[PDB]
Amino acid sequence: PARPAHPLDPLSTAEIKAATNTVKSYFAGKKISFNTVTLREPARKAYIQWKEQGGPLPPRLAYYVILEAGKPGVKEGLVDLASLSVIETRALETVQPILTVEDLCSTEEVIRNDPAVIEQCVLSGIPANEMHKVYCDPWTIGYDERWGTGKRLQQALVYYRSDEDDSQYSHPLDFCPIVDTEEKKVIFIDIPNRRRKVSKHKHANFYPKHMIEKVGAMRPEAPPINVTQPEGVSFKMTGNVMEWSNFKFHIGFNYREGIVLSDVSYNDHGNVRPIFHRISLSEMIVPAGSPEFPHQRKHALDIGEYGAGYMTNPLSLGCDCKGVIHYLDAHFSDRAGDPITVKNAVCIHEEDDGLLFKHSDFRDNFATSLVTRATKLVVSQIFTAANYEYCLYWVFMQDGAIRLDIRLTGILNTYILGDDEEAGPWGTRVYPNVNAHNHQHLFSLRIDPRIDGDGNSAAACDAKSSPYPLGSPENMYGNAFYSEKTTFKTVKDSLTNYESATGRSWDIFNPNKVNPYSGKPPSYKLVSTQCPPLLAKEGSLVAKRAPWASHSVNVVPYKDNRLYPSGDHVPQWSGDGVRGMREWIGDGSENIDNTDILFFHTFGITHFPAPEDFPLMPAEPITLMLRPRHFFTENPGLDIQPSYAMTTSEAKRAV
């Protein structure tokens, strides 16, 4: 297969095929299926050597995960593309892999044709001859102590559509089928003691035709707002490499994390300074809050159990991205080992972002004034996880900051509610017979920093009143306050939470350098405020399977391939065992001061559904920012042409 331009480029359709052919041969005569075929990124050290020390081009490797009929668990390994050969392989019989769209799509037809499920539909008020009106979102079983990882299992959240164009979510059924993914048979059905038959109300729909019938008619089309860039865009791409407003970075993508930003640097007037080696979302967990059975099984780790890549929406059609867009496609392997493509998986573009900065002199009534508008570069993707959509926006700014914006939209995870049943404290009745359970949306931002070079550290920064009292010579008027910096020496020290009491922020800095003006080390500060405490209790399924979610910040030593905090194979893992973040933390004694570190940030929101969220919910925003603090010696955007600028002398001169 042909080598890619960049060592970090995703595998090409050709590499994917080359890889699967190679694997198929190695397992000649075996009935195998492909779960994952993806780039095994080069070692950090080797990449940097290649990039800045004229070192050799790293070997082009493919990581694969396959299933073999009649064999428990999975088999994984590495394929060396240059020599078309398996160079590493092993079997993991007590593990279950990520669920692909193929894995998911087959489940619905099998429950529709299962006698037991059918009987349950009839009991629920649905004629056995109308099973084609029964639907289901096939989820991982998450984890169920009755089966462990002994069988690859899915749990089906069953719904009903009276018409194929309805939004099924207003009509959930009360039971839950457990399906053997690689046997295609229902092995058990969780049935509640309290039975609730199908809602007899009409579906809560949202397409225009439905709206016209529900309310009067649609609103008149609104006067258009057109955005044009007649002279082109200011950013430049060379393959997957981006260059914009002094930023230079590589836009990668994979089945699991979706967008992966690597080798990020800023051109400080000729001095090209590294910022991050790699940054992305490494895991998620959406824990529901009803303690009732079998709702404990609702705490999807979407990234690790489905993949933000595999689930990504093709962005072109929807008009998801406005303006002069540049797209990237994604390529994966299918069960058969053939490359599959999702067109326009990532969308890139720049847009106006308000004021960058402004200042006027009151002396001549603001005649003396300078105003510079801000423009941002946005690398985006949007993925669907059954009922919900996650809109991801990586944003680069002209003040050197990098921001991650997320918008939650889509549809509420709903369960059935009896006519006189109280949605209790665990959920909300958002429509007759519909219970939308409380749940949190937590994300794990993985940052591999290289702040102004190698050798980094992290610290918590808390605002505090001077400890001296009001009236003391040291704090006569009691207004004194400072920022207390606690730099993490050991892993244990980094396990910290956001604290509103100190308006806490965290710094990722380079202790080996010093800002010539402030005398502080150069840094990027994490300013993140939407940091929910993990509500599920210690020892809970949720807490055990997502060890990283317990703290807002987790800093561990760097090691090649420390990507996924809940383990490499998340589905059906009980949470017991030393793996993922639990393994990286170890006894918490390892050094993380002035070395190669990994910074995992947990953030997100706690969602208590309200009717406004139904039947389709308005976007809910989440954001975090990484700001350069003491990184530059002055505002880095002053050499950007102002939108307006009048000097005091010019103001005078102007009559």
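Counting begins at 1, following the sequence as shown.
Practice task
Return whichever of 529-537 and 209-217 has the greater mean Cα B factor according to the PDB record.
Solution key: Result of the comparison: 209-217.
Problem - Mean C-alpha B-factor comparison - 222-230 and 262-270, higher one - result: So the stretch with the higher mean C-alpha B-factor is 222-230.
Handout entry: Which of 583, 302, 292, 334 ranks first by CA B-factor in the deposited coordinates
Key = Across 583, 302, 292, 334, the entry lists the biggest C-alpha B-factor for 334.
Practice task
Tell me which of 484, 364, 507, 144 tops the list for C-alpha B factor in the record.
Solution key: Max CA B-factor in the entry, restricted to 484, 364, 507, 144: 364.
Exercise for the section: Using the B-factor values recorded in the entry, state whether the Cα atom of residue 52 falls in the lowest, middle or highest third among the modelled residues of its chain. Expected result: According to the entry, residue 52 has a C-alpha B-factor in the chain's highest third.
Exercise for the section: Select lowest, middle or highest to describe the third in which the CA B-factor of residue 376 falls within its chain in this entry. Expected result: Middle third.
Practice task
Relative to the other modelled residues of the same chain, rank the CA B-factor of residue 545 and answer lowest, middle or highest third.
Solution key: It belongs to the lowest third of the chain when residues are ordered by C-alpha B-factor.
Exercise for the section: Rank-wise, by C-alpha B-factor, drop residue 552 into the lowest, middle or highest third of its chain. Expected result: As the PDB entry reports it, the C-alpha B-factor of residue 552 lands in the lowest third of its chain.
Practice task
Could you tell me which third, lowest, middle or highest, the C-alpha B-factor of residue 395 occupies within its chain?
Solution key: For residue 395, the deposited C-alpha B-factor lands in the middle third.
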